[PDB]
Amino acid sequence: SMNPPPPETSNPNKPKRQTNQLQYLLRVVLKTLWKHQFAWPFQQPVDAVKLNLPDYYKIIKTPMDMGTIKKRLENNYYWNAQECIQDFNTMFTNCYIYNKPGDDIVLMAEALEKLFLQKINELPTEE
Ligand SMILES: CC(=O)Nc1cccc(-c2ccc3c(c2)[C@H](NC(=O)OC(C)C)C[C@H](C)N3C(C)=O)c1
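- For the protein chain, the name recorded in the PDB entry is Bromodomain-containing protein 4, with Homo sapiens as its organism.
- What the PDB record gives as the title of this entry is "Crystal structure of the first bromodomain of human BRD4 in complex with a tetrahydroquinoline analogue".

Now the structure itself:
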(Lines give C-alpha, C1' and ligand atoms only; values in the text may rest on other atoms or scores of the structure.)
Protein backbone atom coordinates (compact mmCIF):
# COMPACT_ATOMS: atom_id res chain seq x y z
CA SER A 1 0.00 0.00 0.00
CA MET A 2 1.02 3.53 -0.82
CA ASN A 3 0.78 6.53 1.43
CA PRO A 4 -2.19 8.73 0.68
CA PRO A 5 -1.39 12.14 -0.75
CA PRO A 6 -0.81 14.71 2.06
CA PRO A 7 -3.59 17.03 3.10
CA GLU A 8 -4.15 20.16 1.01
CA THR A 9 -2.30 23.18 2.28
CA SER A 10 -3.31 26.02 -0.05
CA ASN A 11 -6.46 26.92 -1.90
CA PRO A 12 -6.80 30.08 -3.98
CA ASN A 13 -10.59 29.59 -4.17
CA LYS A 14 -11.08 30.38 -0.46
CA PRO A 15 -11.03 33.97 0.78
CA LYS A 16 -8.07 34.75 3.08
CA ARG A 17 -7.53 36.90 6.14
CA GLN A 18 -5.07 37.54 8.92
CA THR A 19 -6.46 37.73 12.50
CA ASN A 20 -5.02 38.08 15.98
CA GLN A 21 -5.97 34.49 16.79
CA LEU A 22 -4.48 33.03 13.59
CA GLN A 23 -1.22 34.93 14.14
CA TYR A 24 -1.10 33.60 17.75
CA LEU A 25 -1.72 30.06 16.51
CA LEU A 26 1.34 30.28 14.23
CA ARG A 27 3.67 32.44 16.27
CA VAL A 28 2.94 30.99 19.74
CA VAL A 29 1.01 27.70 19.57
CA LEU A 30 2.67 26.05 16.56
CA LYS A 31 6.12 27.53 17.36
CA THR A 32 6.03 26.22 20.95
CA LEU A 33 4.90 22.74 20.02
CA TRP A 34 7.27 22.57 17.05
CA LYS A 35 10.32 23.16 19.17
CA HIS A 36 9.36 20.57 21.82
CA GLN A 37 11.59 17.51 22.40
CA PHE A 38 8.76 15.20 21.22
CA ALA A 39 7.55 17.26 18.18
CA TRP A 40 9.38 15.36 15.54
CA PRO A 41 7.03 12.36 14.87
CA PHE A 42 4.27 15.02 14.48
CA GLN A 43 6.18 17.42 12.18
CA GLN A 44 5.08 15.67 8.92
CA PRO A 45 2.45 13.16 7.76
CA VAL A 46 2.79 9.58 9.06
CA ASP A 47 4.91 7.82 6.43
CA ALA A 48 3.25 4.44 6.66
CA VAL A 49 5.40 3.05 3.82
CA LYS A 50 8.68 3.97 5.55
CA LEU A 51 7.38 2.79 8.89
CA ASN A 52 5.92 -0.38 7.42
CA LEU A 53 2.49 0.26 8.84
CA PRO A 54 0.00 -1.00 6.28
CA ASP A 55 -2.95 -0.72 8.67
CA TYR A 56 -2.40 2.99 9.56
CA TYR A 57 -4.45 4.50 6.74
CA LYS A 58 -6.92 1.63 6.86
CA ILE A 59 -8.16 3.25 10.10
CA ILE A 60 -6.93 6.84 10.04
CA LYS A 61 -9.17 8.50 7.43
CA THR A 62 -8.54 12.07 8.52
CA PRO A 63 -4.78 12.29 8.88
CA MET A 64 -3.32 15.53 10.17
CA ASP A 65 0.11 16.67 11.33
CA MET A 66 1.94 19.81 12.40
CA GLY A 67 3.81 20.23 9.11
CA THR A 68 0.49 20.45 7.32
CA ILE A 69 -0.83 22.82 10.01
CA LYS A 70 2.24 25.04 9.66
CA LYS A 71 1.83 25.30 5.88
CA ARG A 72 -1.91 25.89 6.21
CA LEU A 73 -1.25 28.84 8.56
CA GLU A 74 1.50 30.18 6.32
CA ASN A 75 -0.82 29.94 3.35
CA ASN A 76 -3.82 31.59 5.07
CA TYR A 77 -5.79 28.34 4.56
CA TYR A 78 -7.95 28.94 7.66
CA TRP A 79 -10.47 31.76 8.03
CA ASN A 80 -11.42 30.88 11.59
CA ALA A 81 -9.00 29.99 14.39
CA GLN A 82 -11.17 27.05 15.40
CA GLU A 83 -10.46 25.34 12.02
CA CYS A 84 -6.79 25.22 12.96
CA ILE A 85 -7.52 24.17 16.59
CA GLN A 86 -9.59 21.33 15.11
CA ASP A 87 -6.62 20.15 13.03
CA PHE A 88 -4.41 19.98 16.17
CA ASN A 89 -7.15 18.04 17.93
CA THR A 90 -7.49 15.68 14.97
CA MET A 91 -3.72 15.04 15.06
CA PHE A 92 -3.86 14.13 18.76
CA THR A 93 -7.00 11.97 18.40
CA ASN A 94 -5.49 10.05 15.48
CA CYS A 95 -2.49 9.15 17.61
CA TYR A 96 -4.83 7.94 20.35
CA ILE A 97 -6.88 5.87 17.86
CA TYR A 98 -4.00 3.99 16.20
CA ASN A 99 -1.72 3.64 19.22
CA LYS A 100 -2.35 1.77 22.48
CA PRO A 101 -2.88 3.91 25.57
CA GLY A 102 0.36 4.37 27.58
CA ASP A 103 2.61 3.50 24.64
CA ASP A 104 5.69 5.64 23.97
CA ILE A 105 4.23 7.72 21.11
CA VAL A 106 1.01 8.28 23.10
CA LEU A 107 2.97 9.62 26.09
CA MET A 108 4.80 11.96 23.68
CA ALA A 109 1.50 13.17 22.16
CA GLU A 110 -0.04 13.70 25.68
CA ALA A 111 2.88 15.90 26.69
CA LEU A 112 2.42 17.98 23.51
CA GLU A 113 -1.38 18.15 24.03
CA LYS A 114 -0.87 19.43 27.57
CA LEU A 115 1.24 22.32 26.26
CA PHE A 116 -1.21 22.91 23.40
CA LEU A 117 -4.13 23.18 25.84
CA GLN A 118 -2.19 25.66 27.97
CA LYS A 119 -1.51 27.89 24.96
CA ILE A 120 -5.11 27.66 23.77
CA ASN A 121 -6.29 28.84 27.21
CA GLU A 122 -4.36 32.06 26.42
CA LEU A 123 -5.75 32.73 22.95
CA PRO A 124 -6.02 36.54 22.17
CA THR A 125 -9.27 38.46 21.66
CA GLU A 126 -11.43 38.28 18.52
CA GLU A 127 -12.00 41.23 16.12
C1 LIG B 1 13.51 5.77 15.10
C2 LIG B 1 12.11 6.16 14.69
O3 LIG B 1 11.12 5.84 15.35
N4 LIG B 1 12.04 6.91 13.56
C5 LIG B 1 10.92 7.56 12.98
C6 LIG B 1 11.16 8.41 11.92
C7 LIG B 1 10.15 9.23 11.44
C8 LIG B 1 8.88 9.17 12.00
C9 LIG B 1 8.59 8.26 13.01
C10 LIG B 1 7.18 8.09 13.52
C11 LIG B 1 6.14 8.87 13.03
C12 LIG B 1 4.84 8.70 13.48
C13 LIG B 1 4.56 7.74 14.45
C14 LIG B 1 5.59 6.94 14.95
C15 LIG B 1 6.88 7.12 14.47
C16 LIG B 1 5.19 5.84 15.90
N17 LIG B 1 6.27 4.89 16.15
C18 LIG B 1 7.30 5.03 16.99
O19 LIG B 1 8.15 4.18 17.18
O20 LIG B 1 7.25 6.23 17.60
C21 LIG B 1 8.41 6.61 18.40
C22 LIG B 1 8.76 8.04 18.12
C23 LIG B 1 8.02 6.34 19.81
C24 LIG B 1 4.01 5.12 15.27
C25 LIG B 1 2.82 6.04 14.98
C26 LIG B 1 2.13 5.63 13.70
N27 LIG B 1 3.24 7.46 14.92
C28 LIG B 1 2.31 8.39 15.29
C29 LIG B 1 2.73 9.84 15.33
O30 LIG B 1 1.20 8.04 15.65
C31 LIG B 1 9.63 7.48 13.50
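## Digging into the overall build of the protein chain
In step 1: Within the protein chain, the regular secondary structure consists of five helices and zero strands.
In step 2: Moving toward the C terminus, one meets the helices and strands of the protein chain in the order α-α-α-α-α.
In step 3: The C-alpha extent of the protein chain, read off along each of the three principal axes, is 45 × 35 × 20 Å.
In step 4: Scored against the burial criterion, the 127 residues of the protein chain give a buried share of 35%.
In step 5: At a minimum sequence separation of 6, the contacts of the protein chain that also span at least 24 residues come to 75%.
In step 6: When the accessible surface of the protein chain is summed, it comes to about 8100 Å², and 51% of that surface belongs to carbon and sulfur atoms.

## Digging into the site of the ligand
In step 1: Neighbouring residues of the ligand: 14 residues in total, closest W40, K50, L53, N99 and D104.
In step 2: The side chain of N99 places a nitrogen or oxygen atom 3.1 Å from an oxygen atom of the ligand.
In step 3: Taken by itself the ligand offers 620 Å² of open surface, and the protein chains cover 68% of this.
In step 4: Those elements that provide at least two residues to the shell around the ligand are helix 4 (81-98) and helix 5 (104-120).
In step 5: In terms of residue class, the shell around the ligand is built from 11 nonpolar, one polar and two charged.

## Things to note about the pattern of salt bridges
In step 1: Summed over all chains, the structure comprises two salt bridges.
In step 2: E74 serves as the salt-bridge partner of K70, at 2.8 Å between the closest nitrogen and oxygen. With a gap of four residues between them, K70 and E74 both fall in helix 3 (residues 66-74), about one helical turn apart.

So, how was this worked out
- Residues numbered from 1 in each chain as written, not as in the entry; some residues may be left out.
- Heavy atoms only, no water.
- Helix = DSSP H or I, 4+ residues; strand = E, 2+ residues; numbered from the N terminus.
- Buried < 20%, exposed > 50% of the residue type's maximum accessible area, 1.4 Å probe, protein only.
- Contact = heavy atoms within 4.5 Å.
- Areas by Shrake-Rupley, 256 points an atom, 1.4 Å probe, with all protein chains shown as cover.
- Near = heavy atom within 4 Å.
- Polar contact = N/O pair within 3.5 Å; in protein donor to acceptor, adjacent residues only side chain to side chain.
- Nonpolar A, V, L, I, M, F, W, Y, C, P; charged D, E, K, R; others polar.
- Salt bridge = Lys/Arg side-chain N within 4 Å of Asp/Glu carboxyl O.

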